[PDB]
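Below: one structure, written as structure tokens.
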Amino acid sequence: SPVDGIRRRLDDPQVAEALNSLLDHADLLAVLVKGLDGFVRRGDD
Amino acid sequence: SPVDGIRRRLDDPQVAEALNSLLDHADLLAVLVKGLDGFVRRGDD
Amino acid sequence: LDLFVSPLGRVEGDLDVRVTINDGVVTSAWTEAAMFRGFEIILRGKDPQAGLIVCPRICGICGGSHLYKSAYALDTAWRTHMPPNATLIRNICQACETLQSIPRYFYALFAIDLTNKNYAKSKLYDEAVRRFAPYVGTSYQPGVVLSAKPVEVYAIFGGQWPXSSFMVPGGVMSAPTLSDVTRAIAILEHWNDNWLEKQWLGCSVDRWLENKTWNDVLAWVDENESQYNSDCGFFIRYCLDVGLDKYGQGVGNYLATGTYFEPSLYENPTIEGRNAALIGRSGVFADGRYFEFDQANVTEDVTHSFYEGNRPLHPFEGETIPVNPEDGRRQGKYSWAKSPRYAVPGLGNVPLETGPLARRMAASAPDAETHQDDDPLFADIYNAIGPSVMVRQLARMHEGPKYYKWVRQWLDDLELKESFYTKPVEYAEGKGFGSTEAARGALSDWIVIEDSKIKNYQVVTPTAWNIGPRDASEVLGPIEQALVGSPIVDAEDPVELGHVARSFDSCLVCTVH
Amino acid sequence: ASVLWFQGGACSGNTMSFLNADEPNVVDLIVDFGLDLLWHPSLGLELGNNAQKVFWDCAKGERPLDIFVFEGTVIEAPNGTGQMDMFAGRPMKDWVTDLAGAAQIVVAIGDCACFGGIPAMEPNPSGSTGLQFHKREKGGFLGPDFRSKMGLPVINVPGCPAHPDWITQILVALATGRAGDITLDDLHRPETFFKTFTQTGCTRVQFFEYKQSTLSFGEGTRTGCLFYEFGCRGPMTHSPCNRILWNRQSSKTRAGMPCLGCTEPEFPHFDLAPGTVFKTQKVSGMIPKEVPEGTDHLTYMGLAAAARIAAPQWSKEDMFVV
Amino acid sequence: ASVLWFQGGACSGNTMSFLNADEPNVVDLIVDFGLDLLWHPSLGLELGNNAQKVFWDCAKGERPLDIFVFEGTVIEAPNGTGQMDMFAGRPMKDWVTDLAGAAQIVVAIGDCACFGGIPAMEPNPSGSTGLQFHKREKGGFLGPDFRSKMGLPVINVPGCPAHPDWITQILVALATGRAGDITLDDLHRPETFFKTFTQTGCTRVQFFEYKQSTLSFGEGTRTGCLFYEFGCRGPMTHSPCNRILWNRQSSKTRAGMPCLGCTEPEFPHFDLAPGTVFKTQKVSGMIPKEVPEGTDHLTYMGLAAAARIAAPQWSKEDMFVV
Ligand code: FCO
Ligand code: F3S
Ligand code: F3S
Ligand code: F3S
Ligand code: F3S
Ligand code: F3S
Ligand code: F3S
Ligand SMILES: [Mg+2]
Ligand code: 3NI
């Protein structure tokens with residue numbers, strides 16, 4: 001199954017480490033996308 | 001299991017909050033990637 | 001005496017021949033194709049055009065033929081349009097590959113056996129050795145060396161030979177330039193002058209093609225010293241002296257699927273319109289009678305082949321499911337060759353010999369259209385002396401002048417400003433039949449495209465026709481019956497088995513694919 | 001220098017290509033360069049027991065074996081028995097074992113022998129593998145650590161088939177005392193032929209430089225490079241196909257056929273899966289999935305846009321005109 | 001088809017190149033393609049009055065003259081008398097007048113005949129000119145409006161010398177009924193050979209694309225393109241030198257020699273003035289004075305900078321390795 005192969009990659013130490021580090025800074029990603037959303041909804045202004 | 005390592009990281013209030021805010025603006029992410037896809041398929045033009 | 005000859009080389013692949021010998025004569029024969037690659041298995045599920053890449057790799061010497069028929073299989077499956085130039089280029093390249101095969105096979109694969117010690121008593125033996133000894137023969141070296149020229153023409157149009165895939169549904173990939181055509185003409189004329197006419201014939205191609213009867217051929221041999229001492233004249237005299245005209249008769253029934261479409265008649269390839277469009281006519285010659293070739297009559301039997309199966313299968317429903325040769329031999333199977341049979345009315349599913357002789361017999365059929373090969377020579381030879389190693393070889397060699405003339409004319413026919421390719425619709429579904437006459441005979445692809453993938457891909461090669469084992473009725477394949485009756489002077493070097501198998505120009509990589 | 005040329009899961013295309021040799025031609029190579037061709041299934045005179053006598057003498061060391069050329073795959077099916085390739089009374093793989101162990105030099109000619117090639121395409125019914133490679137993975141049938149008696153690994157002359165010069169010039173080099181001039185790349189290919197790319201000398205590189213695509217076959221190939229629409233692997237394929245022309249005439253790419261990357265161990269690439277034959281797989285319809293060797297998608301695409309902007313008019317017109 | 005091949009201010013290089021013809025070779029062209037070579041100074045049997053009889057019969061129309069090939073320049077010095085080229089009792093230019101007026105087709109082979117070539121280099125002591133061109137300027141000796149009896153202008157097969165195929169394939173085309181397939185460019189060169197550039201098929205175009213320069217001759221030419229440091233005119237020169245290889249082997253550029261643009265009417269370019277031989281003239285030491293055909297210095301240089309920055313590693317290493 002392809003989906004099961006992505007779950008297999010998610011069981012790889014290095015992939016897991018990177019995904020964990022992404023989740024650690026997910027707040028920064030969230031804030032940058034929120035900032036972009038804000039900038040977009042104020043693009044007329 | 002590293003996939004359950006990140007399932008437990010998905011039980012983190014702050015990580016959950018950021019992931020929820022990302023899913024709130026997923027439409028903007030989708031549209032920017034669609035815009036990039038469009039720009040790429042019109043890159044010859 | 002049960003004699004197992006392994007390997008019987010110079011058959012482009014892995015062949016073993018088992019023979020029962022009684023009183024110095026083969027009384028029964030088994031041809032054992034010993035090497036399996038399973039390209040039909042590999043092609044399943046691949047891109048619909050994967051055949052254009054894979055099928056040439058069935059065989060080095062006749063891959064261009066594979067390409068030709070695979071391309072036409074796609075053309076029919078996809079109902080493509082073939083611009084006349086594309087048809088011409090395909091014809092030219094198919095014929096050029098055959099023109100390469102003719103001397104390359106004759107000198108490198110066949111004629112060196114003419115130096116066998118069994119012929120040491122022949123008055124022509126010293127000359128045979130001088131001419132045809134491997135690598136040093138005075139006919140061997142120029143024949144083999146010049147055999148590369150026609151495939152230089154092939155490479156001009158296809159990029160390379162072997163292993164181009166430039167024949168695609170809708171035409172050819174290439175766009176010949178003026179210098180391409182002029183160089184192809186120059187190469188062909190040089191090869192014709194230097195090997196075909198100077199060495200093989202000792203006369204012009206036109207003079208050879210004037211031979212309409214066996215008596216014409218004998219008169220041609222005796223006509224002058226040039227023809228007498230030509231490789232062709234010497235070969236005929238050697239065959240008559242050493243008895244190559246006396247065995248290797250075979251089935252006496254022939255299959256030609258034909259090839260070389262008249263460009264105006266096959267612009268929209270279909271299975272049904274194929275026969276009428278052929279220049280090198282199709283035709284089945286069975287029980288002394290001419291029949292129209294119909295691919296629907298083609299079955300493949302695996303009773304004595306190393307494949308699972310219980311009934312002959314038309315290749316559109318063909319299957320290639322190998323069985324382990326140990327188990328298969330326990331079941332009486334002895335060859336990786338399938339047993340192609342042809343349903344001839346009043347005869348059932350019979351073996352048919354394929355090859356140049358089959359083509360010449362087909363060319364002797366009545367009611368040839370203007371574009372079609374109409375040649376009574378081998379009807380006359382068949383009626384006069386019948387098939388044999390010599391007659392089979394002479395058919396092969398006779399194609400040299402004929403195909404050279406056709407290629408020269410096709411090169412003249414190229415309209416360089418016109419299209420070489422009509423972009424086809426790559427239909428997700430389709431059933432294609434592509435056939436050609438490779439150097440060794442009827443080569444055919446039955447392809448079934450489903451869901452934009454190869455659903456089925458069945459190749460039936462000429463040597464599979466010739467060398468394929470006994471069918472369910474235990475009827476020997478053409479090469480097996482040709483081996484039967486062959487004298488065996490020396491069981492330690494049973495060169496006559498080689499003469500018979502190689503007179504078919506057997507290609508075992510093609511046989512099995 | 002004795003040469004024993006065996007064919008396993010071969011189509012004999014390497015032999016036929018080899019027979020197209022010029023300078024030297026095959027006869028002059030066999031006779032006049034001191035290369036004693038002991039046997040070749042397509043050319044050897046001996047059959048049956050005489051041929052087997054030659055083979056057994058080579059295998060057991062009764063007579064020297066300087067060069068063992070192997071063409072075709074090492075067929076191991078069924079079940080590792082190799083009986084889908086029975087030759088001269090043995091599975092061909094057993095002959096390969098013995099003769100590769102006996103030879104001074106082992107040359108795998110053609111992808112089948114080098115890497116497994118087309119027969120090794122899935123599902124690989126014949127259990128085919130190369131002599132020292134299975135596709136890119138080193139080891140093949142003989143193992144990664146196999147060395148011939150001259151210390152060399154299997155010399156991989158890839159291609160499907162190999163060009164005659166790729167083998168004949170190596171044989172001449174061996175015969176003329178220039179074996180030491182032969183350097184092999186990481187795939188054991190002669191670097192004298194395989195440092196260049198197929199693209200090297202391609203008549204369409206100027207179109208490539210300016211990102212002008214051939215759009216269609218036939219007359220459409222009077223212009224353009226085949227990389228963008230026909231999956232040309234020229235820039236990702238090491239070969240001298242456009243340096244040393246095929247049949248002394250042409251090359252696939254010159255003729256308008258995309259290079260299928262046949263000198264590369266992955267050939268046939270993508271196993272000819274649907275949509276990969278004579279097509280360039282693209283991301284978002286415009287970025288090729290595979291960019292030329294040594295480039296990255298970012299730089300390659302930036303330079304491609306710049307080149308498209310800078311492209312001169314002639315690069316947009318037919319050039320291989322009648 | 002009768003052919004009369006005359007040499008004016010020639011070095012016979014076009015004849016020698018022609019004699020290198022393969023497919024067809026020269027003998028097969030002369031014999032087997034129905035081209036009756038009436039005379040050739042390097043090959044004709046007749047001498048003296050017998051040769052002059054042949055020439056006069058061609059000039060006066062006593063016998064048909066289908067193709068008049070002229071090699072070498074039309075020498076007009078001294079003082080327009082042409083006596084620096086006396087042939088068979090006349091100034092060669094007078095023979096040219098008569099025979100060009102008599103021929104069905106006139107073919108100038110080699111730059112000398114096409115455009116004046118090397119002898120027309122200043123100070124042009126021989127008063128050399130081409131048949132229908134003096135360098136790029138149309139008209140040469142015969143005038144811009146000269147047409148042979150088949151209506152064609154002088155067919156210019158340039159080069160110094162012309163490659164044998166450039167003439168032999170034209171002769172084959174004429175002999176095989178494909179004269180109508182022959183299209184001529186603005187310099188009357190066969191477009192089947194002169195739509196491509198020398199660069200077309202050059203083994204160094206990838207280096208050109210990535211602006212990787214050959215830095216030195218000899219082993220330095222194992223890498224790089226010769227355009228930047230050696231004045232390669234490949235990208236400004238129409239020729240099939242890298243498509244149809246010289247001597248079926250190579251080309252200047254492949255071998256490491258810059259294309260001197262010899263198929264171009266200005267050859268030798270810059271009249272070999274000091275500093276222009278095997279050197280790229282540059283502005284401010286970085287910008288080539290001449291950019292490839294159809295390009296502009298600003299887009300070329302911009303693309304060149306982009307290509308340099310995105311250059312792969314292999315483009316910066318030897319590729320034509322031993
Ligand atoms: N010729 C040939 Fe090969 C065989 N048999 C095919 O088709
Ligand atoms: S030419 Fe044939 S032997 Fe293998 S390398 Fe290609 S399938
Ligand atoms: S330059 Fe040539 S090698 Fe292929 S990628 Fe373009 S056709
Ligand atoms: S497919 Fe192979 S023969 Fe050359 S042109 Fe490509 S490396
Ligand atoms: S080769 Fe000689 S004849 Fe003139 S064109 Fe060059 S100097
Ligand atoms: S690509 Fe070749 S033609 Fe000259 S400009 Fe460079 S060496
Ligand atoms: S100097 Fe002339 S011969 Fe060709 S490589 Fe340049 S156009
Ligand atoms: Mg089959
Ligand atoms: Ni074959």
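Every chain in the structure tokens has a letter given in the order shown (A, B, ...), and although residue numbers restart at 1 in each chain, ligands are simply numbered from 1 in the order shown.
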
Residue list (alpha helix (DSSP H), DSSP) for segment 90-287 of chain C, as an mmCIF file with C-alpha atoms, in the first residue's frame:
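Saved the output as states.cif:
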data_model
loop_
_atom_site.group_PDB
_atom_site.id
_atom_site.type_symbol
_atom_site.label_atom_id
_atom_site.label_comp_id
_atom_site.auth_asym_id
_atom_site.auth_seq_id
_atom_site.Cartn_x
_atom_site.Cartn_y
_atom_site.Cartn_z
ATOM 1 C CA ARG C 90 10.092 1.347 -42.674
ATOM 2 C CA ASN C 91 10.306 -0.773 -45.826
ATOM 3 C CA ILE C 92 13.822 0.442 -46.540
ATOM 4 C CA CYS C 93 15.039 -0.275 -43.040
ATOM 5 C CA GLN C 94 13.378 -3.686 -42.825
ATOM 6 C CA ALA C 95 14.828 -4.661 -46.174
ATOM 7 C CA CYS C 96 18.240 -3.219 -45.295
ATOM 8 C CA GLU C 97 18.335 -5.272 -42.127
ATOM 9 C CA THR C 98 17.484 -8.312 -44.232
ATOM 10 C CA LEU C 99 20.170 -7.378 -46.765
ATOM 11 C CA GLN C 100 22.640 -7.238 -43.901
ATOM 12 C CA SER C 101 21.391 -10.572 -42.591
ATOM 13 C CA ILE C 102 21.706 -12.386 -45.923
ATOM 14 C CA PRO C 103 25.530 -12.238 -46.305
ATOM 15 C CA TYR C 125 36.448 -28.722 -51.320
ATOM 16 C CA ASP C 126 39.715 -26.803 -51.607
ATOM 17 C CA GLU C 127 37.882 -23.872 -53.168
ATOM 18 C CA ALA C 128 35.152 -24.125 -50.532
ATOM 19 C CA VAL C 129 37.809 -23.912 -47.830
ATOM 20 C CA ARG C 130 39.561 -21.016 -49.556
ATOM 21 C CA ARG C 131 36.305 -19.085 -49.825
ATOM 22 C CA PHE C 132 34.290 -19.960 -46.740
ATOM 23 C CA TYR C 140 33.948 -14.955 -45.803
ATOM 24 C CA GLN C 141 35.905 -11.793 -45.056
ATOM 25 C CA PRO C 142 34.404 -9.417 -47.663
ATOM 26 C CA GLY C 143 30.946 -10.928 -47.253
ATOM 27 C CA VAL C 144 30.903 -10.467 -43.495
ATOM 28 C CA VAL C 145 32.612 -7.071 -43.623
ATOM 29 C CA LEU C 146 30.274 -5.682 -46.268
ATOM 30 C CA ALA C 148 27.476 -4.004 -42.216
ATOM 31 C CA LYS C 149 26.696 -1.606 -45.091
ATOM 32 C CA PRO C 150 22.906 -2.110 -45.440
ATOM 33 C CA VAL C 151 22.497 -1.480 -41.735
ATOM 34 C CA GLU C 152 24.486 1.697 -42.224
ATOM 35 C CA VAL C 153 21.488 2.695 -44.312
ATOM 36 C CA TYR C 154 19.295 1.545 -41.449
ATOM 37 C CA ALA C 155 21.309 3.752 -39.094
ATOM 38 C CA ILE C 156 21.031 6.727 -41.425
ATOM 39 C CA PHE C 157 17.286 6.597 -41.001
ATOM 40 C CA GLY C 158 17.040 5.142 -37.508
ATOM 41 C CA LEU C 178 18.758 14.945 -48.867
ATOM 42 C CA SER C 179 22.243 13.809 -47.876
ATOM 43 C CA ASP C 180 20.673 11.001 -45.846
ATOM 44 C CA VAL C 181 18.970 9.629 -48.945
ATOM 45 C CA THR C 182 21.905 10.204 -51.277
ATOM 46 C CA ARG C 183 24.266 8.540 -48.814
ATOM 47 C CA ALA C 184 21.841 5.649 -48.331
ATOM 48 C CA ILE C 185 21.712 5.213 -52.096
ATOM 49 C CA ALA C 186 25.499 5.389 -52.312
ATOM 50 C CA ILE C 187 25.923 2.842 -49.526
ATOM 51 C CA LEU C 188 23.386 0.515 -51.101
ATOM 52 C CA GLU C 189 24.909 0.800 -54.576
ATOM 53 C CA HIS C 190 28.389 0.238 -53.188
ATOM 54 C CA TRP C 191 27.263 -2.820 -51.241
ATOM 55 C CA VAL C 205 21.082 -8.184 -59.980
ATOM 56 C CA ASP C 206 18.982 -7.838 -63.124
ATOM 57 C CA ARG C 207 20.673 -10.839 -64.721
ATOM 58 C CA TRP C 208 20.007 -12.945 -61.633
ATOM 59 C CA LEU C 209 16.376 -11.854 -61.430
ATOM 60 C CA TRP C 214 15.515 -24.030 -61.879
ATOM 61 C CA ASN C 215 16.883 -24.722 -65.355
ATOM 62 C CA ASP C 216 17.366 -20.965 -65.662
ATOM 63 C CA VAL C 217 19.469 -21.049 -62.497
ATOM 64 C CA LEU C 218 21.595 -23.938 -63.777
ATOM 65 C CA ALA C 219 22.073 -22.175 -67.120
ATOM 66 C CA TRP C 220 22.995 -19.043 -65.184
ATOM 67 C CA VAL C 221 25.650 -20.979 -63.268
ATOM 68 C CA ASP C 222 27.126 -22.300 -66.507
ATOM 69 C CA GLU C 223 26.587 -19.135 -68.553
ATOM 70 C CA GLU C 225 32.993 -17.854 -65.688
ATOM 71 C CA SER C 226 31.950 -14.853 -63.594
ATOM 72 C CA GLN C 227 28.650 -16.445 -62.603
ATOM 73 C CA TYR C 228 30.211 -19.903 -62.466
ATOM 74 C CA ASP C 231 29.789 -17.265 -54.541
ATOM 75 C CA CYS C 232 26.285 -18.070 -55.779
ATOM 76 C CA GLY C 233 27.441 -20.228 -58.668
ATOM 77 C CA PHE C 234 30.048 -21.929 -56.529
ATOM 78 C CA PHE C 235 27.500 -22.490 -53.773
ATOM 79 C CA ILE C 236 25.023 -24.081 -56.171
ATOM 80 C CA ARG C 237 27.706 -26.287 -57.683
ATOM 81 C CA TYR C 238 28.996 -27.212 -54.231
ATOM 82 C CA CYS C 239 25.490 -28.092 -53.050
ATOM 83 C CA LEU C 240 24.873 -30.258 -56.089
ATOM 84 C CA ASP C 241 28.268 -31.920 -55.685
ATOM 85 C CA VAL C 242 28.116 -32.607 -51.931
ATOM 86 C CA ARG C 274 -2.732 -5.737 -44.483
ATOM 87 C CA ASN C 275 -2.497 -8.490 -47.097
ATOM 88 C CA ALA C 276 -3.573 -6.359 -50.053
ATOM 89 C CA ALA C 277 -1.056 -3.637 -49.190
#

Skipping near chain neighbours, those fewer than 3 positions away, what residues fall within 6 Å of residue 359 of chain C using only C-alpha atoms, listed as a PyMOL selection string? chain C and resi 256+356+362

### Query
Running DSSP on the backbone, which parts of segment 285-467 of chain C land in strand (DSSP E or B), as a PyMOL selection string?
chain C and resi 285-286+289-291+298-301+305+307+313+322+335+339-344+348-350+353-354+421+430-438+441-450+453-460

Put chain A on top of chain B with a least-squares fit on all C-alpha atoms, paired in order, and send it back as a compact mmCIF listing (two decimals) with N, CA and C atoms, in the first residue's frame.
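Listing of superposed_18.txt after writing:
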# COMPACT_ATOMS: atom_id res chain seq x y z
N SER A 1 7.45 3.50 19.42
CA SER A 1 7.26 3.66 17.96
C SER A 1 7.48 5.12 17.57
N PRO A 2 8.27 5.47 16.50
CA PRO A 2 8.38 6.86 16.06
C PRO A 2 7.03 7.45 15.63
N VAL A 3 6.26 6.73 14.80
CA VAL A 3 4.96 7.28 14.30
C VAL A 3 4.12 7.66 15.53
N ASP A 4 4.20 6.84 16.58
CA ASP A 4 3.32 7.10 17.75
C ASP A 4 3.83 8.34 18.48
N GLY A 5 5.13 8.63 18.37
CA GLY A 5 5.69 9.85 18.97
C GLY A 5 5.26 11.10 18.22
N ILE A 6 5.02 11.00 16.91
CA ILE A 6 4.49 12.17 16.16
C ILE A 6 3.02 12.36 16.54
N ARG A 7 2.31 11.26 16.85
CA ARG A 7 0.90 11.35 17.29
C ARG A 7 0.89 11.94 18.70
N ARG A 8 1.95 11.69 19.47
CA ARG A 8 2.08 12.28 20.83
C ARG A 8 2.29 13.79 20.70
N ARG A 9 3.16 14.23 19.79
CA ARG A 9 3.34 15.69 19.57
C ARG A 9 1.99 16.27 19.16
N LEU A 10 1.23 15.54 18.35
CA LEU A 10 -0.09 16.03 17.87
C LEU A 10 -1.10 16.05 19.03
N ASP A 11 -0.70 15.57 20.21
CA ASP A 11 -1.60 15.64 21.39
C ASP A 11 -1.11 16.75 22.32
N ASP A 12 -0.08 17.49 21.90
CA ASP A 12 0.45 18.66 22.67
C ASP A 12 -0.36 19.92 22.34
N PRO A 13 -0.93 20.61 23.34
CA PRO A 13 -1.72 21.83 23.11
C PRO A 13 -1.11 22.85 22.14
N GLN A 14 0.17 23.20 22.31
CA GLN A 14 0.82 24.24 21.47
C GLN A 14 0.99 23.72 20.04
N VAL A 15 1.46 22.48 19.88
CA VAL A 15 1.58 21.88 18.52
C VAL A 15 0.18 21.85 17.88
N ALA A 16 -0.82 21.39 18.63
CA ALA A 16 -2.20 21.30 18.10
C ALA A 16 -2.66 22.68 17.67
N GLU A 17 -2.45 23.69 18.52
CA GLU A 17 -2.89 25.07 18.22
C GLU A 17 -2.29 25.52 16.88
N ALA A 18 -0.98 25.33 16.71
CA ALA A 18 -0.29 25.75 15.47
C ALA A 18 -0.83 24.98 14.26
N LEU A 19 -1.01 23.67 14.40
CA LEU A 19 -1.52 22.83 13.28
C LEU A 19 -2.94 23.28 12.93
N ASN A 20 -3.73 23.64 13.94
CA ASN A 20 -5.11 24.13 13.69
C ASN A 20 -5.04 25.46 12.92
N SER A 21 -4.12 26.35 13.32
CA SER A 21 -3.98 27.66 12.65
C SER A 21 -3.49 27.44 11.22
N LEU A 22 -2.69 26.40 11.00
CA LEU A 22 -2.22 26.10 9.63
C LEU A 22 -3.44 25.65 8.82
N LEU A 23 -4.28 24.80 9.42
CA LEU A 23 -5.48 24.27 8.71
C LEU A 23 -6.44 25.42 8.43
N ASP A 24 -6.45 26.43 9.30
CA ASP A 24 -7.36 27.59 9.12
C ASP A 24 -6.96 28.32 7.84
N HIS A 25 -5.65 28.45 7.60
CA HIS A 25 -5.17 29.21 6.43
C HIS A 25 -4.73 28.25 5.32
N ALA A 26 -5.14 26.99 5.41
CA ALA A 26 -4.79 25.99 4.38
C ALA A 26 -5.33 26.46 3.02
N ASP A 27 -6.48 27.13 2.99
CA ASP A 27 -7.00 27.71 1.73
C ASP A 27 -5.96 28.64 1.09
N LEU A 28 -5.35 29.54 1.87
CA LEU A 28 -4.31 30.46 1.36
C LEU A 28 -3.11 29.65 0.86
N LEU A 29 -2.67 28.66 1.65
CA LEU A 29 -1.56 27.79 1.18
C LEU A 29 -1.99 27.12 -0.13
N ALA A 30 -3.18 26.53 -0.18
CA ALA A 30 -3.68 25.86 -1.39
C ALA A 30 -3.63 26.84 -2.56
N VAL A 31 -4.17 28.05 -2.37
CA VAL A 31 -4.22 29.05 -3.47
C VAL A 31 -2.80 29.47 -3.87
N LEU A 32 -1.86 29.55 -2.94
CA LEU A 32 -0.52 30.02 -3.35
C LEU A 32 0.15 28.92 -4.17
N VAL A 33 -0.01 27.65 -3.76
CA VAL A 33 0.54 26.49 -4.51
C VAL A 33 -0.19 26.40 -5.85
N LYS A 34 -1.51 26.59 -5.89
CA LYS A 34 -2.25 26.61 -7.17
C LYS A 34 -1.72 27.75 -8.05
N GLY A 35 -1.53 28.94 -7.48
CA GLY A 35 -0.93 30.07 -8.21
C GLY A 35 0.44 29.70 -8.76
N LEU A 36 1.26 29.00 -7.97
CA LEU A 36 2.61 28.56 -8.40
C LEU A 36 2.46 27.54 -9.53
N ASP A 37 1.58 26.56 -9.35
CA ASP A 37 1.30 25.57 -10.42
C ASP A 37 0.89 26.32 -11.68
N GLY A 38 -0.07 27.25 -11.57
CA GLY A 38 -0.51 28.05 -12.71
C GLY A 38 0.67 28.74 -13.36
N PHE A 39 1.45 29.46 -12.56
CA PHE A 39 2.63 30.20 -13.07
C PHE A 39 3.58 29.23 -13.77
N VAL A 40 3.73 28.02 -13.23
CA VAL A 40 4.65 27.01 -13.82
C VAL A 40 4.09 26.56 -15.16
N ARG A 41 2.79 26.27 -15.22
CA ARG A 41 2.21 25.76 -16.48
C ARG A 41 2.04 26.90 -17.49
N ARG A 42 2.33 28.13 -17.07
CA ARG A 42 2.29 29.27 -18.01
C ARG A 42 3.71 29.85 -18.09
N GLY A 43 4.70 29.12 -17.59
CA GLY A 43 6.10 29.58 -17.59
C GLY A 43 6.62 29.74 -19.00
N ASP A 44 6.17 28.88 -19.91
CA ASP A 44 6.54 29.01 -21.35
C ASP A 44 5.91 30.30 -21.89
N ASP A 45 4.66 30.57 -21.54
CA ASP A 45 3.95 31.79 -22.01
C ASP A 45 4.61 33.04 -21.41

Original post:
Which protein, DNA or RNA residues have an atom within 9 Å of ligand 7, counting only C-alpha atoms and all ligand atoms, as an MDAnalysis selection string?
Top reply: chainID E and resid 158:163 197:199 232:234 237:242 246 251:254 257:264 267:268

Check your understanding: Which residues form the shell of 7 Å around ligand 5 when you count only C-alpha atoms and all ligand atoms, given as a PyMOL selection string?
Key -> chain E and resi 9-14+71-73+109-113+117-118+158-162

Please determine the contact residues of chain E with respect to chain C at a cut-off of 10 Å, counting only C-alpha atoms, and supply them as JSON, numbers by chain. {"E": [22, 23, 24, 25, 28, 29, 32, 33, 165, 166, 168, 169, 170, 171, 172, 173, 174, 175, 176, 177, 178, 179, 181, 182, 183, 190, 191, 192, 193, 244]}

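Taking atom CA of residue 303 of chain E as the reference point, atom CA of residue 194 of chain E is found at 25.9 Å.
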
Identify all chain D residues at most 10 Å from chain B by counting only C-alpha atoms; ligands do not count. Present them as number ranges by chain.
D: 283-287, 305, 308-309

Which residues are close to residue 18 of chain C, i.e. within 8 Å by only C-alpha atoms, leaving aside same-chain residues fewer than 3 positions away? Reply as a PDB file with N, CA and C atoms, in the first residue's frame.
ATOM      1  N   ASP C   2      20.939 -42.503 -30.436  1.00  0.00           N
ATOM      2  CA  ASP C   2      20.467 -41.220 -29.935  1.00  0.00           C
ATOM      3  C   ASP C   2      21.657 -40.281 -29.803  1.00  0.00           C
ATOM      4  N   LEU C   3      21.644 -39.200 -30.571  1.00  0.00           N
ATOM      5  CA  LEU C   3      22.715 -38.215 -30.569  1.00  0.00           C
ATOM      6  C   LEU C   3      22.156 -36.894 -30.065  1.00  0.00           C
ATOM      7  N   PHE C   4      22.752 -36.363 -29.011  1.00  0.00           N
ATOM      8  CA  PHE C   4      22.376 -35.065 -28.465  1.00  0.00           C
ATOM      9  C   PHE C   4      23.507 -34.096 -28.772  1.00  0.00           C
ATOM     10  N   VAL C   5      23.233 -33.121 -29.630  1.00  0.00           N
ATOM     11  CA  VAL C   5      24.208 -32.122 -30.031  1.00  0.00           C
ATOM     12  C   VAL C   5      23.930 -30.849 -29.251  1.00  0.00           C
ATOM     13  N   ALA C  29      13.762 -36.199 -34.798  1.00  0.00           N
ATOM     14  CA  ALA C  29      14.529 -35.073 -34.309  1.00  0.00           C
ATOM     15  C   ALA C  29      13.700 -34.270 -33.328  1.00  0.00           C
ATOM     16  N   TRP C  30      14.390 -33.730 -32.336  1.00  0.00           N
ATOM     17  CA  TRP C  30      13.844 -32.790 -31.377  1.00  0.00           C
ATOM     18  C   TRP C  30      14.740 -31.567 -31.377  1.00  0.00           C
ATOM     19  N   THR C  31      14.143 -30.406 -31.579  1.00  0.00           N
ATOM     20  CA  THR C  31      14.842 -29.148 -31.408  1.00  0.00           C
ATOM     21  C   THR C  31      14.528 -28.628 -30.017  1.00  0.00           C
ATOM     22  N   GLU C  32      15.564 -28.288 -29.264  1.00  0.00           N
ATOM     23  CA  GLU C  32      15.423 -27.818 -27.896  1.00  0.00           C
ATOM     24  C   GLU C  32      15.972 -26.402 -27.845  1.00  0.00           C
TER      25      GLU C  32
END

message = Using only C-alpha atoms and a distance of at most 7 Å, pull out the residues of chain D that contact chain E, as a count of residues only.
response = 28
